[PDB]
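[1] experimental structure and its sequence below.
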Amino acid sequence: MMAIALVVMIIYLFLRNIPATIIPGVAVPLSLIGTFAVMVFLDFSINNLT
Amino acid sequence: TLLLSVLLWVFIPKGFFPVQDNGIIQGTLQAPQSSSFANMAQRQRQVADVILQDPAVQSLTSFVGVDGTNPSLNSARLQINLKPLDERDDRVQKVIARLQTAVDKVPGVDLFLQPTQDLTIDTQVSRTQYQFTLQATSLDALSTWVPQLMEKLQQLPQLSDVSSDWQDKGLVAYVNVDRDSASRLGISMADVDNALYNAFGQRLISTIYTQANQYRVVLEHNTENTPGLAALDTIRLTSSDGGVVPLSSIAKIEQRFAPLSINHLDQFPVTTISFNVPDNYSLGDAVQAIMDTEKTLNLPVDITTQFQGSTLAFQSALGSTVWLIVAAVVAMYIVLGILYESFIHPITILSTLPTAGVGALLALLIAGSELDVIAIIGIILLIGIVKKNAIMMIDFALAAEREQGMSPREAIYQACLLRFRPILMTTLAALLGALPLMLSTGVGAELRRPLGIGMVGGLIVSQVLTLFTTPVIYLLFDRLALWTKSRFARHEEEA
Amino acid sequence: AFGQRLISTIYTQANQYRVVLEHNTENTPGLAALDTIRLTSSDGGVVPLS
Amino acid sequence: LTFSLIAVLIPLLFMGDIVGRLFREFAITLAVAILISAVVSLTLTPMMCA
Amino acid sequence: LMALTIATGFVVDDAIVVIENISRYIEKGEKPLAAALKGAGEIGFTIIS
Amino acid sequence: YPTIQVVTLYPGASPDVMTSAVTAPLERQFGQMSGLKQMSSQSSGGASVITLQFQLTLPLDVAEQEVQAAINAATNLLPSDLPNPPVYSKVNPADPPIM
Amino acid sequence: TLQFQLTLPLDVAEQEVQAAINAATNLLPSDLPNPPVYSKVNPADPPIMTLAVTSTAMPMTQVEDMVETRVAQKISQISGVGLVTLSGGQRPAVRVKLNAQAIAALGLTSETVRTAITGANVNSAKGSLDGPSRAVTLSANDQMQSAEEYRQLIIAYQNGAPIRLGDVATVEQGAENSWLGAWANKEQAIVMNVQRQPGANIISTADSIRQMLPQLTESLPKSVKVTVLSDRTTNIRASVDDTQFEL
């Protein structure tokens, strides 16, 4: 969460684009949370290594 | 960069897996050979009174006796626990040091703490830093030659704290029934064995059946009334004449020495030897010291050796590494040639990979971090990011060269000028991504703390070399491509 | 008597040997070896198989 | 870059032994994360930014 | 073993047919790259057939 | 890893008689079974646990079948005063407890 | 010999044969020396390579003991061995020879010597001691290994004269079954056969046992010479290299 928050803040400060600020805070959690969907067919278990 | 890559790869200390502080410590308690249940129990009670006094420890778990885990009657295994992260004040090293110097003061006791780990590969739990096995052919010969390897192998400076799980000073009582004297009263060896077993054998004979459970009936003899080995001759044995015949008239009693445990390897008697290597010597010095000792002792020709653990893991890693690197480099050459449809462009991309290795190895040597296989993976990811930004600049360089047709030097100039901002956003993203691993101070941090420093060193070294070397070396590779085109023309002309 | 019967066991340090019972046939050749076997009796004597 | 990046992980997942098995999960987890991120980048961001 | 021994001819036949088309477009004397491209285009359907 | 632990507790028996009457028969019975790469035994007073580590190619089910077959075939030679028959365990030392 | 339908997997058939052999155990005769064991071997499977061991000046019983203690197990230790069948097993054992006339003269039956021998060697639990100071384990010389102690046992009594096993019967080291044996060409020997493992390379395994062939010969006593008589890797090599040359 702090990695995403810092990324969003630095993008907003650097490129001064509010649209460029809305994209990451939703895309990155969407990709990371939605990542396991393909993992279902693999049937691996989240662990310390994961 | 290439030469220092080889030099540092040889110079950096390596590691197999790292140690972790989850909060439990497993220790083993050792007791003299003549130990019994009362003595071992009272000693456990005294230690439990001593270890619990420490503020960092919160509970004890200890079970002794004959089971599938404990090794002997006098040998006790302890499972110590600690408070979680937010309440105690010191880490695993200092807490275990305080625990070890706390019990040493206690008389008559000795306890071997080894901090337990999470991922275990060895089938046994080690006691000291290293352990190995010695294989022989017979119990008696290896038993009689056990003292030689304690009294002659202990004095090598490279080899310290020599110890083995086998102890051959155990007290055993022997009864010698006379074969000729037994035939006079009509008693056989079977009667003697049955009498001794049902006298002092804790024999289970009868069964109790209940509504739902099943209890057992056990036979035991009293020893309180008559202390000492004088309890053995009070047992009687039946006779054909009908009377009772004492064991004194048909047998004699002797005391001898037998081992408390027999351990076997490959259908031959074996010893497991564990010890500590001095930090001033490496495992190579230790194993060569074992070599000259086993050569000098003039051991029986039926004494061989076998080792396990770090040596096998490191040999397997060495066997796998060269083939892994060769196959990987071939794979990158193939895919990059597919992406660029050229011969020397992938070599231009492949030439920037080793630069990150120098930074990673320099950082890990400076950071004093163990080079576990996780560190090797981190170096691999560093090289991957380096090749990622390298491709980022080269793609636009080639696109500009093919579109504008401008000379290559101004082409790479324009490509670098239009792609510089991507370089710093990527670098900042990598720096913020590696920042948590640098300041990781929580649970499991031993498995992420060195990675941050390694990645940060790899990244800053890689960008410092990239931003100032890539364009001109790419122009030099284009000049070499022109010379190879000259070579193609020649090989088509005079060949 | 003539069964090559395996009756007793021998226990050693690592191996396990067996004890086997057999009768001699060299002294008395032919089927006349069969009637030399004795059998116990309630009266206590030996009674021939004949 | 998506195709070229997997070339690093293409050989790693095929090493055997305990180290190979325990890094197999890491390798394919990274690969699936990269592929899903690529798909999200080429699908969602063009529309949000259009 | 015997499967591979017999399949040697089957494997060589594909090289035979591609060299056949290329030799066809080489003997008459057409432009090299154009002849190879046109031959591959015209007989690519036959080989897959 | 393919590793089978079998336990045989028999009270009162001295370590040497435990080694002679318990470990030797099953050790000879287990040794002839395929897939065995190395074996080690922890024989003490009244206890006999057997450590078998197999090759990486052996599936766990087939190894359980062989250990069951061996423990059944060696039953006659075992001492007749065993309180419980010996039972196998599909437990590797790498597996930790839950709680 | 049981031949099943084509649809039965081998594992399930092994489960049924194990279950049947367990369920029929009670009805089996009670004097069986070994319980019956199943074999997952089809007649189509050929052996990998056969080894035969012979000797010149040392009795065959100790030759067989020596070979199945060190030679057979180390060779079988590596992969590539399905089942080593030591054909013609002259397994070592202890034999007792009964004189009919002598024992019949004294009026004693074979039941008496049977009871004496049964009651002689019994190695059972003897237990241990517990006390306030020291603990010990009880062990007695109730176990005899060689033949002299079996010979010295007293097995009958008759007017004061001690009647032993030696003075009325003969005992000598020999084989467990006199009807098992193997012959190698012109001399006598012991032969063992090595089966195969599915999915295993044969040439490499044969090269491995060839590599440990000399290590055992130096380890074997000087009077023992081991030899090989049959194999199939040579025909496999001939087939593959002939195919290569032809192509």
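    Looks like it arrived, so ask away. Residues are numbered from 1 along each chain as shown, chains lettered A, B, ... in the order given.

[2] chain center to the top helix by length along chain F: distance?
    Assignment by DSSP state H gives helix F:60-73 as the longest helix of chain F. Averaging C-alpha positions (CA atoms, centre = their mean, to the nearest Å) puts helix F:60-73 10 Å from its chain's average.

[3] same question for stretch B:154-173.
    22 Å.

[4] what's the first-to-last distance across it?
    With CA to CA, to the nearest Å as the measure, stretch B:154-173 spans 32 Å from end to end.

[5] burial measure for the one residue in chain E that gets nearest to chain A, as a count.
    Relative to chain A, the nearest point of chain E is residue E:48 (32.7 Å; CB to the nearest CB). (Each C-beta comes from the backbone N, C-alpha and C, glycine too.) Number of residues near residue E:48 (other CB atoms under 10 Å in any protein chain shown) recorded here: 6.

[6] just residue B:224 next, same as before
    8.

[7] how far away is it from chain A?
    According to CB to the nearest CB, to the nearest Å, residue B:224 stands 54 Å off from chain A.

[8] try residue B:233
    Counting by CB to the nearest CB, the gap from residue B:233 to chain A is 62 Å.

[9] does that residue really touch residue B:246, like I thought?
    Yes. In this structure residue B:233 lies within contact range of residue B:246 using CB atoms under 8 Å: 6.6 Å.

[10] list the contacts for residue 50?
    Using chain A here. Counting by CB atoms under 8 Å, 6 or more residues apart in numbering or on different chains, residue A:50 touches A:44, D:25, D:26, D:29.

[11] that was the other one, I meant chain G.
    Per CB under 8 Å, 6+ apart, neighbours of residue G:50: G:191, G:192, G:193, G:194, G:228, G:229, G:230, G:231.

[12] rerun at 7 Å
    Contact analysis of residue G:50 by CB atoms under 7 Å, 6 or more residues apart in numbering or on different chains lists G:193, G:194, G:229, G:230.

[13] and for residue B:90?
    Residue B:90 neighbours (CB under 7 Å, 6+ apart): residue B:56.

[14] where does chain F get nearest to chain C, which residue?
    residue F:20 (4.8 Å).

[15] count of neighbours near that residue?
    By other CB under 10 Å, neighbour count at residue F:20 equals 22.

[16] could you find the closest non-adjacent residue to it?
    residue C:11 (4.8 Å; CB to CB, 6 or more residues apart in numbering or on different chains).

[17] got it, and residue A:14?
    Residue A:14 sits nearest to residue B:425 (CB to CB, 6+ apart), 7.4 Å away.

[18] look at that neighbour and give its secondary structure.
    helix (DSSP: H, G, I helix; E, B strand; the rest coil).

[19] relative to chain G, how far out is it?
    Distance from residue B:425 to chain G, by CB to the nearest CB: 53 Å.

[20] what's the neighbour count on that residue?
    With other CB under 10 Å as criterion, residue B:425 counts 15.

[21] same question, residue B:210
    7.

[22] wait, isn't residue E:1 in contact with residue G:244?
    No. Assessed by CB atoms under 7 Å, residue E:1 is found out of contact with residue G:244, at 9.8 Å.

[23] which of the residues in stretch B:439-459 are buried?
    For stretch B:439-459, burial by neighbour count (16 or more other CB atoms under 10 Å in any protein chain shown) applies to B:440, B:445-459.

[24] and for stretch E:34-49?
    Buried, per 16+ other CB under 10 Å, within stretch E:34-49: E:35, E:39, E:43.

[25] hang on, the first one packs against residue E:24?
    Pointing back at residue E:35 there. No. Between residue E:35 and residue E:24 there is no contact under CB under 7 Å: 8.9 Å.

[26] secondary structure class of residue 4, three-state.
    Chain wasn't specified; assuming chain A. helix.

[27] hmm, I had chain F in mind actually
    Going by three-state DSSP: residue F:4 is strand.

[28] contact partners for it?
    Applying CB under 7 Å, 6+ apart, the residues near residue F:4 are F:52, F:63, F:67, F:88, F:89, F:90.

[29] which helix runs longest in chain E?
    Chain E, longest helix under DSSP H: helix E:2-27.

[30] which other helices and strands contact the helix or strand following that helix?
    Counting by DSSP states H and E, the element after helix E:2-27 in chain order, helix or strand, is helix E:32-48. With contacts defined as 3 or more CB pairs under 7 Å, 6 or more residues apart in numbering or on different chains; DSSP states H and E, helix E:32-48 has these neighbours: helix E:2-27.

[31] against which helices or strands is the helix it packs on packed?
    helix E:32-48.

[32] is the longest helix along chain A positioned near chain B?
    In chain A, assigned by DSSP H, the helix with the most residues is helix A:18-33. No. Under the criterion of CB under 7 Å from any CB of the partner chain, chain B is not reached by helix A:18-33; the shortest gap measures 10.6 Å.

[33] give the buried residues for that helix.
    Buried, per 16+ other CB under 10 Å, within helix A:18-33: A:23, A:24, A:25, A:27, A:28, A:31.

[34] roughly how far apart are the residue of chain F found nearest chain A and chain B?
    Residue nearest to chain A within chain F: residue F:96 (12.4 Å; CB to the nearest CB). Going from residue F:96 to chain B by CB to the nearest CB gives 7 Å.

[35] what about the helices in chain F?
    So, for chain F - with DSSP H - the helices run F:15-18, F:24-31, F:60-73.

[36] what does the stretch 151-300 of chain B give?
    For the stretch 151-300 of chain B, applying DSSP state H, counting those that start in this stretch gives helices covering B:179-182, B:189-200, B:247-250, B:283-296.

[37] name the next helix or strand following the longest one along the chain.
    Per DSSP H and E, the first helix or strand lying C-terminal to helix B:283-296 is strand B:304-307.

[38] just how off-centre is that following strand within its chain?
    18 Å.

[39] what pairs with it, parallel or antiparallel?
    Sheet pairing for strand B:304-307, assigned by DSSP bridges, gives strand B:130-135 (antiparallel).
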